[PDB]
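Source file final11.pdb; content: PDB, C-alpha atoms (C1' of nucleotides).
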```pdb
MODEL        1
ATOM      1  CA  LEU A 244     220.959  37.426  56.997  1.00  0.00           C
ATOM      2  CA  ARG A 245     219.813  40.814  55.718  1.00  0.00           C
ATOM      3  CA  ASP A 246     222.619  41.373  53.206  1.00  0.00           C
ATOM      4  CA  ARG A 247     222.853  37.908  51.659  1.00  0.00           C
ATOM      5  CA  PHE A 248     219.119  37.964  50.841  1.00  0.00           C
ATOM      6  CA  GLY A 249     216.168  40.315  51.296  1.00  0.00           C
ATOM      7  CA  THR A 250     212.532  41.009  50.453  1.00  0.00           C
ATOM      8  CA  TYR A 251     211.705  37.555  51.887  1.00  0.00           C
ATOM      9  CA  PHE A 252     211.867  37.803  55.699  1.00  0.00           C
ATOM     10  CA  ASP A 253     210.821  40.862  57.714  1.00  0.00           C
ATOM     11  CA  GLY A 254     212.505  41.397  61.073  1.00  0.00           C
ATOM     12  CA  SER A 255     212.536  43.978  63.840  1.00  0.00           C
ATOM     13  CA  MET A 256     213.485  44.543  67.470  1.00  0.00           C
ATOM     14  CA  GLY A 257     211.838  45.915  70.579  1.00  0.00           C
ATOM     15  CA  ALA A 258     208.171  46.534  71.234  1.00  0.00           C
ATOM     16  CA  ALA A 259     207.641  47.389  67.557  1.00  0.00           C
ATOM     17  CA  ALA A 260     208.245  43.740  66.673  1.00  0.00           C
ATOM     18  CA  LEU A 261     205.712  42.648  69.297  1.00  0.00           C
ATOM     19  CA  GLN A 262     203.144  45.122  67.975  1.00  0.00           C
ATOM     20  CA  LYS A 263     203.672  43.838  64.437  1.00  0.00           C
ATOM     21  CA  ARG A 264     203.328  40.247  65.653  1.00  0.00           C
ATOM     22  CA  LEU A 265     200.135  40.839  67.645  1.00  0.00           C
ATOM     23  CA  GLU A 266     198.673  42.856  64.763  1.00  0.00           C
ATOM     24  CA  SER A 267     199.027  39.839  62.450  1.00  0.00           C
ATOM     25  CA  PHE A 268     198.523  37.240  65.200  1.00  0.00           C
ATOM     26  CA  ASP A 269     195.710  34.789  64.392  1.00  0.00           C
ATOM     27  CA  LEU A 270     194.427  33.511  67.733  1.00  0.00           C
ATOM     28  CA  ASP A 271     191.613  31.370  66.293  1.00  0.00           C
ATOM     29  CA  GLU A 272     193.924  28.819  64.668  1.00  0.00           C
ATOM     30  CA  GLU A 273     196.096  28.811  67.788  1.00  0.00           C
ATOM     31  CA  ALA A 274     193.021  28.020  69.886  1.00  0.00           C
ATOM     32  CA  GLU A 275     191.995  25.237  67.496  1.00  0.00           C
ATOM     33  CA  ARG A 276     195.472  23.694  67.473  1.00  0.00           C
ATOM     34  CA  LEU A 277     195.694  23.907  71.263  1.00  0.00           C
ATOM     35  CA  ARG A 278     192.313  22.188  71.553  1.00  0.00           C
ATOM     36  CA  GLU A 279     193.702  19.449  69.313  1.00  0.00           C
ATOM     37  CA  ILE A 280     196.806  19.217  71.517  1.00  0.00           C
ATOM     38  CA  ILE A 281     194.664  19.036  74.663  1.00  0.00           C
ATOM     39  CA  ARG A 282     192.651  16.206  73.111  1.00  0.00           C
ATOM     40  CA  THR A 283     195.827  14.124  72.577  1.00  0.00           C
ATOM     41  CA  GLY A 284     198.602  15.232  74.926  1.00  0.00           C
ATOM     42  CA  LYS A 285     200.565  14.199  77.992  1.00  0.00           C
ATOM     43  CA  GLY A 286     202.712  15.678  80.741  1.00  0.00           C
ATOM     44  CA  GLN A 287     203.300  19.278  81.753  1.00  0.00           C
ATOM     45  CA  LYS A 288     202.825  20.179  78.088  1.00  0.00           C
ATOM     46  CA  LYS A 289     199.132  19.596  78.823  1.00  0.00           C
ATOM     47  CA  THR A 290     199.209  22.210  81.596  1.00  0.00           C
ATOM     48  CA  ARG A 291     201.053  24.703  79.390  1.00  0.00           C
TER      49      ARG A 291
ATOM     50  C1'  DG B   1     212.254  12.976  77.569  1.00  0.00           C
ATOM     51  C1'  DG B   2     208.808  13.382  80.796  1.00  0.00           C
ATOM     52  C1'  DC B   3     209.474  12.946  85.771  1.00  0.00           C
ATOM     53  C1'  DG B   4     211.682  14.783  89.597  1.00  0.00           C
ATOM     54  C1'  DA B   5     213.451  17.177  93.123  1.00  0.00           C
ATOM     55  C1'  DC B   6     215.273  21.201  93.860  1.00  0.00           C
ATOM     56  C1'  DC B   7     216.227  25.274  92.930  1.00  0.00           C
ATOM     57  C1'  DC B   8     215.287  29.409  92.319  1.00  0.00           C
ATOM     58  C1'  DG B   9     212.882  33.414  91.628  1.00  0.00           C
ATOM     59  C1'  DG B  10     209.294  35.977  92.876  1.00  0.00           C
ATOM     60  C1'  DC B  11     206.082  37.335  95.179  1.00  0.00           C
ATOM     61  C1'  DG B  12     202.415  38.130  99.136  1.00  0.00           C
ATOM     62  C1'  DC B  13     201.414  39.564 103.512  1.00  0.00           C
ATOM     63  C1'  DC B  14     202.952  40.974 107.989  1.00  0.00           C
ATOM     64  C1'  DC B  15     196.084  44.008 114.627  1.00  0.00           C
ATOM     65  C1'  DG B  16     194.014  49.059 115.497  1.00  0.00           C
ATOM     66  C1'  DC B  17     193.782  54.159 116.168  1.00  0.00           C
ATOM     67  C1'  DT B  18     195.204  58.525 118.092  1.00  0.00           C
ATOM     68  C1'  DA B  19     199.386  61.244 119.530  1.00  0.00           C
ATOM     69  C1'  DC B  20     204.580  62.000 119.202  1.00  0.00           C
ATOM     70  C1'  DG B  21     211.339  64.344 117.946  1.00  0.00           C
ATOM     71  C1'  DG B  22     214.134  66.893 114.544  1.00  0.00           C
ATOM     72  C1'  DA B  23     216.804  66.813 110.150  1.00  0.00           C
ATOM     73  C1'  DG B  24     217.694  68.577 105.035  1.00  0.00           C
ATOM     74  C1'  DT B  25     223.916  69.101 102.195  1.00  0.00           C
ATOM     75  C1'  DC B  26     230.068  68.369  97.014  1.00  0.00           C
ATOM     76  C1'  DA B  27     232.937  69.457  90.620  1.00  0.00           C
ATOM     77  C1'  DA B  28     232.491  75.804  82.739  1.00  0.00           C
ATOM     78  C1'  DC B  29     232.278  79.664  80.016  1.00  0.00           C
ATOM     79  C1'  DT B  30     231.386  83.745  76.869  1.00  0.00           C
ATOM     80  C1'  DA B  31     229.494  85.928  73.011  1.00  0.00           C
ATOM     81  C1'  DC B  32     225.625  87.227  70.508  1.00  0.00           C
ATOM     82  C1'  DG B  33     220.971  88.244  69.200  1.00  0.00           C
ATOM     83  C1'  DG B  34     216.395  88.725  69.662  1.00  0.00           C
ATOM     84  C1'  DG B  35     212.218  89.521  71.827  1.00  0.00           C
ATOM     85  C1'  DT B  36     209.440  90.704  75.532  1.00  0.00           C
ATOM     86  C1'  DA B  37     208.664  93.648  78.818  1.00  0.00           C
ATOM     87  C1'  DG B  38     209.055  97.662  81.418  1.00  0.00           C
ATOM     88  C1'  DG B  39     208.835 102.857  81.599  1.00  0.00           C
ATOM     89  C1'  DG B  40     206.674 107.386  80.506  1.00  0.00           C
ATOM     90  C1'  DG B  41     203.877 110.284  76.949  1.00  0.00           C
ATOM     91  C1'  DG B  42     200.159 111.463  75.190  1.00  0.00           C
ATOM     92  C1'  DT B  43     195.069 110.765  73.857  1.00  0.00           C
ATOM     93  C1'  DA B  44     190.005 109.244  73.085  1.00  0.00           C
ATOM     94  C1'  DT B  45     186.461 107.721  75.972  1.00  0.00           C
ATOM     95  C1'  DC B  46     183.635 107.010  79.976  1.00  0.00           C
ATOM     96  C1'  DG B  47     181.756 108.882  84.686  1.00  0.00           C
ATOM     97  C1'  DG B  48     180.795 112.113  88.186  1.00  0.00           C
ATOM     98  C1'  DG B  49     178.603 117.216  89.809  1.00  0.00           C
ATOM     99  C1'  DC B  50     174.764 121.255  89.437  1.00  0.00           C
ATOM    100  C1'  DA B  51     169.940 124.237  88.381  1.00  0.00           C
ATOM    101  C1'  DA B  52     165.694 124.273  85.184  1.00  0.00           C
ATOM    102  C1'  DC B  53     162.491 121.730  84.094  1.00  0.00           C
ATOM    103  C1'  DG B  54     159.152 118.206  83.644  1.00  0.00           C
ATOM    104  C1'  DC B  55     154.695 117.248  86.117  1.00  0.00           C
ATOM    105  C1'  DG B  56     149.803 117.546  89.269  1.00  0.00           C
ATOM    106  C1'  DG B  57     146.819 119.101  92.614  1.00  0.00           C
ATOM    107  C1'  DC B  58     144.806 122.601  93.473  1.00  0.00           C
ATOM    108  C1'  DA B  59     144.426 127.048  93.557  1.00  0.00           C
ATOM    109  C1'  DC B  60     143.816 131.476  92.216  1.00  0.00           C
ATOM    110  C1'  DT B  61     142.436 134.285  88.317  1.00  0.00           C
ATOM    111  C1'  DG B  62     137.747 135.842  89.722  1.00  0.00           C
ATOM    112  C1'  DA B  63     136.114 136.762  85.169  1.00  0.00           C
ATOM    113  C1'  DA B  64     132.173 135.767  83.451  1.00  0.00           C
ATOM    114  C1'  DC B  65     128.590 134.303  83.697  1.00  0.00           C
ATOM    115  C1'  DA B  66     124.407 131.608  85.745  1.00  0.00           C
ATOM    116  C1'  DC B  67     120.766 130.554  90.116  1.00  0.00           C
ATOM    117  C1'  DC B  68     117.544 131.604  93.033  1.00  0.00           C
ATOM    118  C1'  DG B  69     116.038 135.615  95.946  1.00  0.00           C
ATOM    119  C1'  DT B  70     114.317 139.904  96.336  1.00  0.00           C
ATOM    120  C1'  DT B  71     111.307 144.870  96.641  1.00  0.00           C
ATOM    121  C1'  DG B  72     111.796 147.326  92.001  1.00  0.00           C
ATOM    122  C1'  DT B  73     107.433 148.814  89.029  1.00  0.00           C
ATOM    123  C1'  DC B  74     103.551 149.207  86.438  1.00  0.00           C
ATOM    124  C1'  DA B  75      99.350 149.839  84.304  1.00  0.00           C
ATOM    125  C1'  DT B  76      95.296 148.484  85.919  1.00  0.00           C
ATOM    126  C1'  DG B  77      91.642 146.515  89.077  1.00  0.00           C
ATOM    127  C1'  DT B  78      87.898 147.095  94.217  1.00  0.00           C
ATOM    128  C1'  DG B  79      85.420 150.459  97.562  1.00  0.00           C
ATOM    129  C1'  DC B  80      83.624 154.752  99.026  1.00  0.00           C
ATOM    130  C1'  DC B  81      81.592 159.424  97.772  1.00  0.00           C
ATOM    131  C1'  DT B  82      79.175 162.657  94.761  1.00  0.00           C
ATOM    132  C1'  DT B  83      75.811 163.538  91.280  1.00  0.00           C
ATOM    133  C1'  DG B  84      72.453 161.788  87.626  1.00  0.00           C
TER     134       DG B  84
ENDMDL
END
```
Conversion result in structure tokens:
Amino acid sequence: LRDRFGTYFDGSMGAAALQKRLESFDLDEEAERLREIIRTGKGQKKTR
DNA sequence: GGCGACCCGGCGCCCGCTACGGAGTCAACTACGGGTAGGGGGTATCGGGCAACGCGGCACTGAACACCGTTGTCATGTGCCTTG
């Protein structure tokens, strides 16, 4: 994946990847989308 | 394709204190090079031991004046005797 094409996707491994993800994580839109899911949802997906 | 059991992991705990034993353990080597640290050697600096010598009360120095006290002393005033 790296060799055939680059400068498009950034990848990593270990806790550094998690730190990068949480740094750029946008929890507000996740909360909004999960509220939308809760409004119209069924099953154990609702509990998750 | 969410329900469903079931399965599994995964975890959570599991009366109270005193008082009451010990035990302690298996597989390299040398060469160099520095640097610190020790030792003694010698040296500038700080600290300890004594009589004059600062003081002060008073004391002596009485010496030299002062303070009353005293019998020195004087020239000058009453009382009796002699003469106007």
Matched chain/residue IDs from the PyMOL selection byres ((chain B) within 12 of (chain A)), as an MDAnalysis selection string: chainID B and resid 1:3
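Pairwise distance (atom CA of residue 258 of chain A, atom CA of residue 271 of chain A) equals 23.0 Å.
Between atom CA of residue 274 of chain A and atom CA of residue 255 of chain A there is a distance of 25.9 Å.
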Nearby residues (only C-alpha atoms (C1' of nucleotides)) at most 12 Å from residue 254 of chain A, same-chain spacing under 6 positions excluded, as a count of residues only: 6
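You will find atom CA of residue 291 of chain A at 17.8 Å from atom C1' of residue 4 of chain B.
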Contacts of segment 276-279 of chain A at 12 Å (all atoms listed in the file; same-chain gap of 4+ positions) as a list in words: residues 269, 270, 271, 272, 283, 284, 288, 289, 290 and 291 of chain A
